[PDB]
Amino acid sequence: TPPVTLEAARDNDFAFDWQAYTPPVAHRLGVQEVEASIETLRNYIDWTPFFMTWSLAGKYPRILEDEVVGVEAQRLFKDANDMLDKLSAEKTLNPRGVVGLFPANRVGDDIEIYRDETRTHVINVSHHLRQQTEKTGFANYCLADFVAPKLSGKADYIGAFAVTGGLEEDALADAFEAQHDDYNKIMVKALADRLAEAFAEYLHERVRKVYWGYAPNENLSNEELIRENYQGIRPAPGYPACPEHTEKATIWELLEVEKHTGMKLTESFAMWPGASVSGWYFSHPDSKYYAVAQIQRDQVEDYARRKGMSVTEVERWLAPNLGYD
Ligand SMILES: Nc1ncnc2c1ncn2[C@@H]1O[C@H](CSCC[C@H](N)C(=O)O)[C@@H](O)[C@H]1O
């Protein structure tokens, strides 16, 4: 599909009657350190990516009864849960996280995040990109579109989070490495990954039901959570609706992530521990995932201005999304 100008894309933003809508008010404004036990998180694990890591095809639980890999799958599942039992009893891998909710409003392709409900002083800006090709019967989406425009005068909110399967991951994996035990090195890293993703799922439910509080009576099964049968999204920097990784630095500042969790960012803006998830929370009922995809030089240069970066810097961070050489 052919490219459009930045202005043409913005003229085709997500269309919504903000005058008739009351964005749900965040019940708990502020930043809260959290933790979750392995016992708590194991009921929020999505096991299917675990089997994928072990190069086995099929959806859990059906994979256990499969005819070619079911026996192997059952053995992997037993070893995994045996290791979860031990990590749990010995408290040797300890999931940690932090959550925050803030007053927020959209301005253009960005989301202003305010110190307080006066909505004057901006403590941070969450910057977003916009789809920039010809859209047939649909908006040129930008994640900012799911927050009320400041011009509408509607009180709106944004959340963020960072969670990890635990700071101990490297020590446990490295010890299996020193033992030449590649099986259990793979296993403990796969389990840390499951616990991080389970914590992201559990904490998102906590946010919808309690911290933000717009779905207090939600009652979804784990399978329904895996199918994303809830209202709102938790998009993560680096993923297709917000591919620009340096926005993780804004999450780290907003939530004081390292102070509250021990989690760190690298020079490439990768998270440490490896088993880590971070992202935003959007409440809007029409919010959804999509791909920004390829963008043009006008949007790159505008993003650079808004970020305080040179055009050269932004072309490094957005290299995979450049629709030009
Ligand atoms: N287009 C997109 N833009 C931003 N984030 C996306 C995205 N598509 C998926 N995600 C992210 O990926 C997560 C889903 S994958 C994680 C849950 C899954 N049950 C598992 O264990 O693997 C989403 O919650 C969101 O954080």
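Only heavy atoms go into these numbers, but all of them, side chains included; no hydrogens, no water, no symmetry mates. We number each residue from 1, following the sequence as shown.
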Closest non-hydrogen atom pair between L254 and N124, with its separation: CD2-OD1, 3.3 Å
Between CG on residue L195 and CG on residue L41, distance to nearest 0.5 Å: 6.0 Å
Aromatic ring proximity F269/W317, centre distance under 6.0 Å: yes
Pair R106-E112, salt bridge (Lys or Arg N to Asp or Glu O under 4.0 Å): steps then yes or no: CA-CA 6 Å; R106 164 184 182 196; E112 294 190 345; over 6 Å; no
Shared hydrophobic cluster for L203 and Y239 (ILVMFWY, side-chain gaps under 4.5 Å): no
Cation over ring face, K264 and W272, 6.0 Å, 45°: yes
Check: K189 side chain, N184 main-chain N or O, donor-acceptor pair, under 3.5 Å: no
Polar side-chain atom of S268 near backbone of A270 as donor-acceptor pair, under 3.5 Å: no
Distance-only side-chain donor-acceptor flag, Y183 / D79, under 3.5 Å: yes
Working for side-chain hydrogen bond (donor to acceptor under 3.5 Å, both in side chains), residues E168 and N94: CA-CA 7 Å; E168 304 89 353; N94 293 286; 2.9 Å; yes
Interatomic distance, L84 atom CG to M187 atom CE [nearest 0.5 angstrom]: 9.0 Å
Nearest heavy atoms of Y324 and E315, plus distance in Å: OH-OE2, 2.7 Å
CA sep, side-chain torsions, deciding dist, call: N43, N222, side chain to side chain contact (heavy atoms under 4.5 Å, CB included): CA-CA 8 Å; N43 300 311; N222 195 49; over 6 Å; no
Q132 and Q296: CA distance, side-chain angles, deciding distance, side-chain hydrogen bond (donor to acceptor under 3.5 Å, both in side chains) verdict: CA-CA 7 Å; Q132 208 183 338; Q296 298 301 319; 5.9 Å; no
Near-ring test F77/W54, centroid separation under 6.0 angstrom: no
Note: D302-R297 ion pair, threshold 4.0 Å (strictly below): no
Modelled atom types, side-chain donor and acceptor of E244 and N321, under 3.5 Å: no
Any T164 side-chain heavy atom under 4.5 Å of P95 side chain: no
Neighbour count >12 (heavy atoms, 6.0 Å) for atom CD, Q179: yes
Whether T250 side chain and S126 backbone form a donor-acceptor pair below 3.5 Å: no
Exercise: do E39 and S88 side chains pair donor with acceptor under 3.5 Å: yes
Output field: ring centroids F146/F14 closer than 6.0 Å: yes
Cationic N near anionic O, under 4.0 Å, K209 to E205: no
hydrophobic_cluster_shared for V71 and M52, side chain cutoff 4.5 Å: no
Sole candidate of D145, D13, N140 that passes side chain to side chain donor-acceptor pair (under 3.5 Å) when paired with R130: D145
Least distance between heavy atoms, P237 atom then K248 atom: O-CE, 3.8 Å
Parallel, tilted or perpendicular, as decided by the 30° and 60° cut-offs, for the rings of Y303 and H127: perpendicular
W252 side chain vs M263 backbone, donor-acceptor pair below 3.5 Å: yes
Member of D109, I158, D110, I233 meeting the side chain to side chain contact (heavy atoms under 4.5 Å, CB included) criterion with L143: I233
Heavy-atom closest contact (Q231 atom, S283 atom, distance): NE2-O, 2.9 Å
Side chain to side chain contact (heavy atoms under 4.5 Å, CB included) assessment of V98 paired with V34: CA-CA 5 Å; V98 59; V34 298; 5.6 Å; no
Any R194 side-chain heavy atom under 4.5 Å of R42 side chain: no
Co-membership, hydrophobic cluster, residues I38 and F176, 4.5 Å side-chain: yes
Ring center gap for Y214 and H284 short of 6.0 angstrom: no
Residue pair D156 / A148: nearest heavy atoms and the distance that separates them: OD2-N, 2.8 Å
Polar side-chain atom of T53 near backbone of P49 as donor-acceptor pair, under 3.5 Å: yes
Side-chain donor or acceptor of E169 paired with backbone N/O of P273 under 3.5 Å: no
Polar contact flag, side-chain donor to acceptor under 3.5 angstrom, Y44-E197: no
Worked verdict on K185 versus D182 for salt bridge (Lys or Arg N to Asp or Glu O under 4.0 Å): CA-CA 5 Å; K185 185 187 189 189; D182 312 331; over 6 Å; no
Nearest atoms (heavy-atom pairs only) where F50 meets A80: CZ-CB, 3.6 Å
Polar side chain donor-acceptor pair, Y60 to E223, under 3.5 angstrom: no
Salt bridge (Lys or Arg N to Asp or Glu O under 4.0 Å) between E247 and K307, worked out: CA-CA 10 Å; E247 286 293 290; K307 289 276 285 171; 2.7 Å; yes
Side-chain donor/acceptor of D193 to backbone N/O of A275, under 3.5 Å: no
Evaluation steps, side chain to side chain contact (heavy atoms under 4.5 Å, CB included), between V69 and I63: CA-CA 8 Å; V69 299; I63 194 178; 4.3 Å; yes
Backbone N/O of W18 and side chain of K154: donor-acceptor pair under 3.5 Å: yes
Sidechain-backbone polar pair: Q74 side chain, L64 backbone, donor-acceptor under 3.5 Å: yes
Residues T120, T118; criterion side-chain hydrogen bond (donor to acceptor under 3.5 Å, both in side chains); working and verdict: CA-CA 5 Å; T120 52; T118 71; 2.8 Å; yes
Test log, rule side chain to side chain contact (heavy atoms under 4.5 Å, CB included), inputs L29 and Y157: CA-CA 9 Å; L29 288 185; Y157 302 85; 3.8 Å; yes
Check: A215 main-chain N/O paired with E218 side-chain donor or acceptor under 3.5 Å: no
Test ring pair (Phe, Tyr, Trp, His ring centres under 6.0 Å) applied to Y281 and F161, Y211, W212, the passing residue: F161
Verdict with reasoning, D66 to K59, per salt bridge (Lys or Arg N to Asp or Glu O under 4.0 Å): CA-CA 10 Å; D66 182 79; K59 183 185 169 291; over 6 Å; no
